[PDB]
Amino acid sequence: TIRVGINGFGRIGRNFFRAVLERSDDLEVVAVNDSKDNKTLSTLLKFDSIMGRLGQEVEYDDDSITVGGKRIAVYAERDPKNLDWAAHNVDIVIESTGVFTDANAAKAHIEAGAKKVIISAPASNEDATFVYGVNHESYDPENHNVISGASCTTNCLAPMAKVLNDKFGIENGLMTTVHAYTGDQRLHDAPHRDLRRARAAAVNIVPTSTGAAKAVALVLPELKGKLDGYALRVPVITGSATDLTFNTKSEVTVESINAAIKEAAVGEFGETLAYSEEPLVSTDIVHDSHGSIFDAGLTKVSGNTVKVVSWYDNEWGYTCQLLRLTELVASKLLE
């Protein structure tokens, strides 16, 4: 068991906690840092609009939240310099606040006694970025100390893109992610730096930018400069689909595109990328642990133009990818 700390007990932080509880044999969360009182934090952990009730008992005091008898230390230092991770023998910190995506700032956790930091988001100045299943073999336990698990969408797109580029080659592609609304958006029309994300999220199709397609290049260098895209935020609370349209020099049919995915979606990689011929709708992939669920029923081909669609639970699927990455780091040298 390697001991884990979470900085930021938001949606991603709480997902990660639950995912460890549900899915991990070799990690334990033993401390959390967040800016709120333990009554509030413990209530949000216990009850969730998306995931339902935590199955375990939750209690709290002024120092901690106890979950199924296991005491979780809770801190509220807004600067990670004031933390002491070594005091709880935390080796890995999950950096999920959203305000330390800069590795030069996330480094504070290591100064505060951790050995590894995993940023649950696109990062800057990081040692490395991983999409589990795609480039995790390149993790270097001595030199990759502050890393990034990339974005939900990148974790959906990159597995699919790896397989198709490997098999047919992708010249250029443009992505539309049709995505659940997220907490950056407004409930009612109100000021926002993005004048579209300003608009009432649960009654609008809301177009917004995302770096997730360009970010594929970080984990698949062969696709640098060849992918871009954007997001349409729509009224579901979780569950998203990545629609990629690309040009290939290969001569391709619907059936050969699908066969390539089916043939790759197997073994350990198939825990990242799944192949489905089912009549899927978003609610079917809620709490699905794959990073990418390829929908063979949606594949289209016109000439050398290809459209493929992969599903993802932008919360849970992403979190399970991050958990896979965390298990890898925890399985290798920690100093």
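The first residue of the shown sequence is 1; numbering continues from there.
K.L.:
Looking only at CA atoms, which has the higher mean B factor in the entry: 289-297 or 30-38?
P.N.:
Result: 30-38.
K.L.:
Please compare 197-205 with 86-94 and name the stretch with the higher mean C-alpha B-factor in the deposited structure.
P.N.:
Here the higher of the two C-alpha B-factor means belongs to 86-94.
K.L.:
Comparing recorded Cα B-factors across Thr177, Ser138, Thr238, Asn155, which one is largest?
P.N.:
Reading the PDB entry, the winner on C-alpha B-factor is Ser138.
K.L.:
Going by the entry, which of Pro80, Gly183, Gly149, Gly133 has the most elevated CA B factor?
P.N.:
It is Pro80.
K.L.:
Within this chain's modelled residues, let me know which third the CA B factor of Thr66 belongs to: lowest, middle or highest.
P.N.:
CA B-factor rank for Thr66: middle third.
K.L.:
Would you check the entry's CA temperature factor for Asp189 and let me know if it's in the chain's lowest, middle or highest third?
P.N.:
Its C-alpha B-factor belongs to the lowest third of this chain's values.
K.L.:
Sort the modelled residues of this chain by their C-alpha B factor and say whether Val281 lands in the lowest, middle or highest third.
P.N.:
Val281: CA B-factor falls in the lowest third of its chain.
K.L.:
Taking the C-alpha B-factors as the PDB entry records them, is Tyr230 in the lowest, middle or highest third of its chain?
P.N.:
Its C-alpha B-factor, which the entry lists for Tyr230, ranks in the lowest third among residues of this chain.
K.L.:
Check where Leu44 lands among this chain's C-alpha B-factors and tell me if it's the lowest, middle or highest third.
P.N.:
It falls in the bottom third of the chain.
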